[PDB]
Amino acid sequence: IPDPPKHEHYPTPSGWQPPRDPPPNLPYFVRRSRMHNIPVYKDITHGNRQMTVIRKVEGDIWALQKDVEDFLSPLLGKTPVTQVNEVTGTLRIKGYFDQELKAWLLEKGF
Amino acid sequence: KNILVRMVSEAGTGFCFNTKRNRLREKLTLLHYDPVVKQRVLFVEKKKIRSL
Amino acid sequence: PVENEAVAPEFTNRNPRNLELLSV
Amino acid sequence: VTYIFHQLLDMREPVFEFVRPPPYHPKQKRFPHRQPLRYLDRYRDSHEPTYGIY
Amino acid sequence: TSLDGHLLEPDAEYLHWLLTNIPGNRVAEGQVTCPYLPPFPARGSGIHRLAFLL
Amino acid sequence: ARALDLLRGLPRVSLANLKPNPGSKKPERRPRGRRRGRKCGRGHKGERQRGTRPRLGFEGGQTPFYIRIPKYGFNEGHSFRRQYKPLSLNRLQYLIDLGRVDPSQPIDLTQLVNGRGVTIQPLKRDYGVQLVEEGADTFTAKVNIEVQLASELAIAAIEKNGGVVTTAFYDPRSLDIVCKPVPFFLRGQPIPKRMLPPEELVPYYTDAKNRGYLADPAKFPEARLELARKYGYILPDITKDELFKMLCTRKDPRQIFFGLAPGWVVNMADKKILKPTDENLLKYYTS
Amino acid sequence: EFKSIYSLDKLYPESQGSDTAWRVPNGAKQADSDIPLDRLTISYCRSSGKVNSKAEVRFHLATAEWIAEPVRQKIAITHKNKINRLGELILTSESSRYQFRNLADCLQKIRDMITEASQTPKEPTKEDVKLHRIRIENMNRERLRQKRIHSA
Amino acid sequence: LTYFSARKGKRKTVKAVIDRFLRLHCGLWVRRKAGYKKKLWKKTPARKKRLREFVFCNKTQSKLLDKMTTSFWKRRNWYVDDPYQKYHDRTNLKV
RNA sequence: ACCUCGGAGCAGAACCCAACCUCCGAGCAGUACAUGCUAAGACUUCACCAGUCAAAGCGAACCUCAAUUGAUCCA
Ligand SMILES: [Mg+2]
Ligand SMILES: [Mg+2]
Ligand SMILES: [Mg+2]
Ligand SMILES: [Mg+2]
Ligand SMILES: [Mg+2]
Ligand SMILES: [Mg+2]
Ligand SMILES: [Mg+2]
């Protein structure tokens, strides 16, 4: 797959933004996919369980977990019950939080 | 005792219904609603297919 | 701004002879 | 009333409308046992064929 | 005054005509204190009312 | 990171410490002993233990649920209906912005297959890919596209920026050819010609409001002006644009491709294309 | 380059030009009922997500040159409830979630209003569901009149 | 329903289920009330209207109809003029 | 002696409950076919198949009894 062409207005339509250059000094890092998309998906186990999984987590998982917890605390009022998985770059967050996490990772520097 | 017949309309052919009738009387000529005309036309007894 | 534009989104009516005059 | 609000109060004419509360509908179950086909249209937002990833 | 017409305070109301010191039947000799103002009912509102308090 | 620092020490990783991920390998249950013994988890005697049970749906002489209901024309001829995969303008703009669909060449079916935006199945009775007007707003592409089924709103939104919509029909053989042309070239058979639309699609593909490939080009500007007056926006003229010769690629029928010709055998090994000679072959391929 | 019997040029010999399908018929379709878009102020001030879009369009009705005087006066008299304080005709729709459908609906509304305002001999359908009580109240108010002289 | 055939070794379906029911992609089966075309002279018009309505199934019935079919009847079809297209997807679902 | 269904006490004041416990019955009827078409909400003979009431609109002048009955296929 070829690289996407550098547009003139980086606010490119249909919801897509390329990652910036020299990305910020953070202990963790979020990679991309083949289609240059933000790795924020949804998953369901049974018929009532709802959560989102960030499948690309490289670096310190605890820092990103604390960041997303502090970000989602004012949106729910409590503590989001997450799973700090270190063997894989995953981070399950209970509740439908897809576009919010996408916007947060786009405005942070990923 | 009774008998079931079918009434055919004069205006707008294609809509027919069934109604009871006595066996020792003559035919029927009542006023039934027609959906294709949205009014009231005449119905004539024609072709019996029941003998209850 | 005009100070007389205090309309508020909700308007109530204190007349019992009102609901039956509008067929409601 | 328009002329009054124009050349007597120096403001705009407010408008209203006798609104009604939305109708009541029970909680939409997963398997609506003994329900007509129009049961899904009772909770449907817009009456247009929506498309997701397609 | 108009019992129905106040847009801000629901319990309060507006003022239209007010007179004072009317020499008996002479309703044209007393001093004035409030200019007359025709009613201004809203469009979507109900049926307003105005009572003459003498 | 810390993983390499912890892996620097410790003994080597061979076939002596293969540890499977817990939760994936469940222990096998064996009906032997006291917990899973006696009846081996089969209950009491009878048909529930001997295994001689009726088929799925038998209620012991009672009329089952799937029998007391009369038949109805639900799936009468589902194996003959024409199915079309959806395609919204939002996803098209997304593919164009990502670069998988270049807006400089005419886009048909093989281009969409190569870009991998839609999955066209040769079987399951699929006669192409339709068009969806879900991505009407915020759609700036300006590129001609060949769609089998395009709605009025989608055609209008495409013509707003300066695009060309071409409605064409293809037989399932043409679909299989245009989906994967590499195995068709490796096959060894010449390129066949396009088949005429069925009896229930001639007035649809020969109409001006549908932008068909068989209608007269004298009624297209009238329909475009009508759509511009209906959906608003000033209709721009593409006769003054620099890409005028690219938008005029109406794709002549009996081609099922682009710049080739029906009857031209394509050979992958040794880049050479052979032209059919004689006269009966040419008369049949140009009929 | 390639062409067969069922080609576009052979099936229609009268249409063989390279630009016969792109020639905009602007010189033969410039009537007064086209509604100019340069003097219209179309704006979108709603983005619901009950997914419905709002397309509000307003224009100064008193300065419209593409509308004759009597039809303009008639459409201003019969539609005096949708005119803004500054003489702006505010017309909006709330049916579909797309802006194009709402704009087309607003254009169709404007067109039917224009074509019905000019046609004065129009038979009004007598309704009896909401105007009967109004007529009764008007008649009862007109009945209680029996003085002799009053000015003001 | 023959779990294992003698030639292909696959799973077979029941054509009666296909001819008498209609499965939607959401997981619902559309059926028809029996007796809606026979003996309509002794039934009230309300009963005649009630019998002519697309009634959904239950849970065990839907599970049975799914077990009687294979993976071909549980896909998603995109017909050109499908009157039941709006009933395939089911929105506004909260457990 | 019986093979379907309803009522009276057993089962007393929301509901359900059986007997080869004791009795009345029903496989219909006296009169107009708007006994037209759609559409919120419920009961449900202890499951299912089935049955019943009804907001509102277009259309029109201004329904009684307790059981009172028949599905798949096919013609
Ligand atoms: Mg999953
Ligand atoms: Mg034993
Ligand atoms: Mg036993
Ligand atoms: Mg046996
Ligand atoms: Mg039996
Ligand atoms: Mg029950
Ligand atoms: Mg009613």
# chains A, B, ... in the order shown; residues from 1 in each chain; ligands from 1

call {"tool": "residues_near_ligand", "arguments": {"ligand": "ligand 3", "cutoff": "9 Å", "atoms": "only C-alpha atoms (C1' of nucleotides) and all ligand atoms", "output": "list in words"}}
result
residues 44, 45, 46 and 47 of chain F

call {"tool": "residues_around", "arguments": {"residues": "range 45-52 of chain B", "least_positions_apart": "3", "cutoff": "7 Å", "atoms": "only C-alpha atoms (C1' of nucleotides)", "output": "list in words"}}
result
residues 2, 3, 4, 5, 6, 7, 8, 27 and 28 of chain B

call {"tool": "write_last_selection", "arguments": {"atoms": "C-alpha atoms", "output": "PDB file, in the first residue's frame"}}
result
ATOM      1  CA  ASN B   2     -79.097 -20.843   5.613  1.00  0.00           C
ATOM      2  CA  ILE B   3     -76.809 -20.518   2.597  1.00  0.00           C
ATOM      3  CA  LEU B   4     -73.626 -18.588   1.798  1.00  0.00           C
ATOM      4  CA  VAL B   5     -73.467 -16.726  -1.524  1.00  0.00           C
ATOM      5  CA  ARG B   6     -71.128 -14.233  -3.185  1.00  0.00           C
ATOM      6  CA  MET B   7     -72.167 -10.731  -4.250  1.00  0.00           C
ATOM      7  CA  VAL B   8     -70.714  -9.211  -7.431  1.00  0.00           C
ATOM      8  CA  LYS B  27     -81.666 -13.277  -4.541  1.00  0.00           C
ATOM      9  CA  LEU B  28     -80.032 -10.333  -2.763  1.00  0.00           C
TER      10      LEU B  28
END

call {"tool": "residues_near_ligand", "arguments": {"ligand": "ligand 4", "cutoff": "12 Å", "atoms": "only C-alpha atoms (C1' of nucleotides) and all ligand atoms", "output": "PyMOL selection string"}}
result
chain F and resi 46-47+50-55+60

call {"tool": "residues_near_ligand", "arguments": {"ligand": "ligand 1", "cutoff": "8 Å", "atoms": "only C-alpha atoms (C1' of nucleotides) and all ligand atoms", "output": "JSON list (two decimals) with N, CA and C atoms, in the first residue's frame"}}
result
[["chain", "number", "residue", "atom", "x", "y", "z"],
["A", 43, "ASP", "N", -15.31, -4.07, 20.82],
["A", 43, "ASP", "CA", -15.36, -5.52, 20.96],
["A", 43, "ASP", "C", -16.50, -5.89, 21.89],
["A", 44, "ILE", "N", -17.10, -7.05, 21.63],
["A", 44, "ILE", "CA", -18.18, -7.59, 22.44],
["A", 44, "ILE", "C", -17.93, -9.07, 22.67],
["A", 45, "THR", "N", -18.16, -9.52, 23.90],
["A", 45, "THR", "CA", -17.96, -10.93, 24.25],
["A", 45, "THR", "C", -19.27, -11.69, 24.19]]

call {"tool": "select_by_dssp", "arguments": {"residues": "chain D", "states": "alpha helix (DSSP H)", "output": "list in words"}}
result
residues 2, 3, 4, 5, 6 and 7 of chain D

call {"tool": "closest_residue", "arguments": {"among": "H:3, H:29, H:56, H:41", "to": "chain D", "atoms": "only C-alpha atoms"}}
result
H:56

call {"tool": "residues_near_ligand", "arguments": {"ligand": "ligand 7", "cutoff": "12 Å", "atoms": "only C-alpha atoms (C1' of nucleotides) and all ligand atoms", "output": "list in words"}}
result
residues 38, 39, 54, 55, 56, 57, 58 and 59 of chain I

call {"tool": "write_last_selection", "arguments": {"atoms": "C-alpha atoms (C1' of nucleotides)", "output": "PDB file, in the first residue's frame"}}
result
ATOM      1  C1'   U I  38     -54.482   1.811   8.985  1.00  0.00           C
ATOM      2  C1'   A I  39     -52.465   2.354  13.738  1.00  0.00           C
ATOM      3  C1'   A I  54     -58.829  -0.580  22.277  1.00  0.00           C
ATOM      4  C1'   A I  55     -56.165   5.577  21.678  1.00  0.00           C
ATOM      5  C1'   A I  56     -56.187   8.233  16.862  1.00  0.00           C
ATOM      6  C1'   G I  57     -56.823   9.279  11.231  1.00  0.00           C
ATOM      7  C1'   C I  58     -59.139   8.731   6.128  1.00  0.00           C
ATOM      8  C1'   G I  59     -63.586   7.389   4.928  1.00  0.00           C
TER       9        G I  59
END

call {"tool": "atom_distance", "arguments": {"atom1": "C1' of residue 51 in chain I", "atom2": "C1' of residue 65 in chain I"}}
result
17.8 Å

call {"tool": "residues_near_ligand", "arguments": {"ligand": "ligand 6", "cutoff": "8 Å", "atoms": "only C-alpha atoms (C1' of nucleotides) and all ligand atoms", "output": "list in words"}}
result
residues 44, 46 and 47 of chain I

call {"tool": "write_last_selection", "arguments": {"atoms": "C-alpha atoms (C1' of nucleotides)", "output": "PDB file, in the first residue's frame"}}
result
ATOM      1  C1'   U I  44     -53.598 -14.539  27.283  1.00  0.00           C
ATOM      2  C1'   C I  46     -50.213 -22.075  33.675  1.00  0.00           C
ATOM      3  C1'   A I  47     -45.041 -23.476  27.120  1.00  0.00           C
TER       4        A I  47
END

call {"tool": "decode", "arguments": {"residues": "range 12-32 of chain G", "atoms": "N, CA and C atoms", "output": "PDB file, in the first residue's frame"}}
result
ATOM      1  N   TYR G  12     -27.351   6.341 -32.675  1.00  0.00           N
ATOM      2  CA  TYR G  12     -27.886   7.699 -32.742  1.00  0.00           C
ATOM      3  C   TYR G  12     -27.015   8.518 -33.685  1.00  0.00           C
ATOM      4  N   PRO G  13     -27.300   8.473 -34.990  1.00  0.00           N
ATOM      5  CA  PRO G  13     -26.478   9.233 -35.947  1.00  0.00           C
ATOM      6  C   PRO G  13     -26.572  10.737 -35.776  1.00  0.00           C
ATOM      7  N   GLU G  14     -27.670  11.253 -35.220  1.00  0.00           N
ATOM      8  CA  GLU G  14     -27.805  12.694 -35.041  1.00  0.00           C
ATOM      9  C   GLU G  14     -26.904  13.228 -33.937  1.00  0.00           C
ATOM     10  N   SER G  15     -26.523  12.390 -32.977  1.00  0.00           N
ATOM     11  CA  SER G  15     -25.678  12.792 -31.856  1.00  0.00           C
ATOM     12  C   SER G  15     -24.344  12.061 -31.979  1.00  0.00           C
ATOM     13  N   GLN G  16     -23.363  12.724 -32.594  1.00  0.00           N
ATOM     14  CA  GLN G  16     -22.037  12.152 -32.771  1.00  0.00           C
ATOM     15  C   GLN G  16     -20.915  13.070 -32.307  1.00  0.00           C
ATOM     16  N   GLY G  17     -21.234  14.238 -31.746  1.00  0.00           N
ATOM     17  CA  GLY G  17     -20.201  15.146 -31.301  1.00  0.00           C
ATOM     18  C   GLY G  17     -19.533  14.695 -30.017  1.00  0.00           C
ATOM     19  N   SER G  18     -18.334  15.231 -29.787  1.00  0.00           N
ATOM     20  CA  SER G  18     -17.568  14.904 -28.592  1.00  0.00           C
ATOM     21  C   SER G  18     -18.034  15.664 -27.359  1.00  0.00           C
ATOM     22  N   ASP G  19     -18.839  16.717 -27.528  1.00  0.00           N
ATOM     23  CA  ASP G  19     -19.336  17.503 -26.405  1.00  0.00           C
ATOM     24  C   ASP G  19     -20.846  17.704 -26.473  1.00  0.00           C
ATOM     25  N   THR G  20     -21.565  16.813 -27.160  1.00  0.00           N
ATOM     26  CA  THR G  20     -23.014  16.932 -27.260  1.00  0.00           C
ATOM     27  C   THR G  20     -23.726  16.540 -25.973  1.00  0.00           C
ATOM     28  N   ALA G  21     -23.046  15.844 -25.064  1.00  0.00           N
ATOM     29  CA  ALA G  21     -23.625  15.432 -23.794  1.00  0.00           C
ATOM     30  C   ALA G  21     -23.196  16.317 -22.632  1.00  0.00           C
ATOM     31  N   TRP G  22     -22.339  17.307 -22.876  1.00  0.00           N
ATOM     32  CA  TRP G  22     -21.862  18.197 -21.829  1.00  0.00           C
ATOM     33  C   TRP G  22     -22.174  19.661 -22.103  1.00  0.00           C
ATOM     34  N   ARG G  23     -22.789  19.978 -23.239  1.00  0.00           N
ATOM     35  CA  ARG G  23     -23.140  21.356 -23.566  1.00  0.00           C
ATOM     36  C   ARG G  23     -24.294  21.806 -22.680  1.00  0.00           C
ATOM     37  N   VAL G  24     -24.011  22.707 -21.744  1.00  0.00           N
ATOM     38  CA  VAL G  24     -25.022  23.203 -20.814  1.00  0.00           C
ATOM     39  C   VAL G  24     -26.012  24.085 -21.569  1.00  0.00           C
ATOM     40  N   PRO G  25     -27.307  23.760 -21.550  1.00  0.00           N
ATOM     41  CA  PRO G  25     -28.311  24.582 -22.250  1.00  0.00           C
ATOM     42  C   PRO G  25     -28.722  25.811 -21.443  1.00  0.00           C
ATOM     43  N   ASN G  26     -27.754  26.696 -21.195  1.00  0.00           N
ATOM     44  CA  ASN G  26     -28.031  27.901 -20.422  1.00  0.00           C
ATOM     45  C   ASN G  26     -28.719  28.971 -21.258  1.00  0.00           C
ATOM     46  N   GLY G  27     -28.421  29.037 -22.555  1.00  0.00           N
ATOM     47  CA  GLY G  27     -29.026  30.037 -23.416  1.00  0.00           C
ATOM     48  C   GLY G  27     -30.467  29.760 -23.791  1.00  0.00           C
ATOM     49  N   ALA G  28     -30.953  28.539 -23.562  1.00  0.00           N
ATOM     50  CA  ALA G  28     -32.325  28.169 -23.892  1.00  0.00           C
ATOM     51  C   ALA G  28     -33.111  27.729 -22.663  1.00  0.00           C
ATOM     52  N   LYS G  29     -32.646  28.081 -21.470  1.00  0.00           N
ATOM     53  CA  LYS G  29     -33.315  27.718 -20.227  1.00  0.00           C
ATOM     54  C   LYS G  29     -33.003  28.773 -19.167  1.00  0.00           C
ATOM     55  N   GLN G  30     -33.317  30.031 -19.477  1.00  0.00           N
ATOM     56  CA  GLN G  30     -33.074  31.129 -18.550  1.00  0.00           C
ATOM     57  C   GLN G  30     -34.358  31.907 -18.288  1.00  0.00           C
ATOM     58  N   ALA G  31     -35.401  31.213 -17.841  1.00  0.00           N
ATOM     59  CA  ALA G  31     -36.680  31.848 -17.566  1.00  0.00           C
ATOM     60  C   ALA G  31     -36.643  32.544 -16.207  1.00  0.00           C
ATOM     61  N   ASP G  32     -37.737  33.228 -15.872  1.00  0.00           N
ATOM     62  CA  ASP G  32     -37.836  33.933 -14.602  1.00  0.00           C
ATOM     63  C   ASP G  32     -38.136  33.008 -13.429  1.00  0.00           C
TER      64      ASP G  32
END
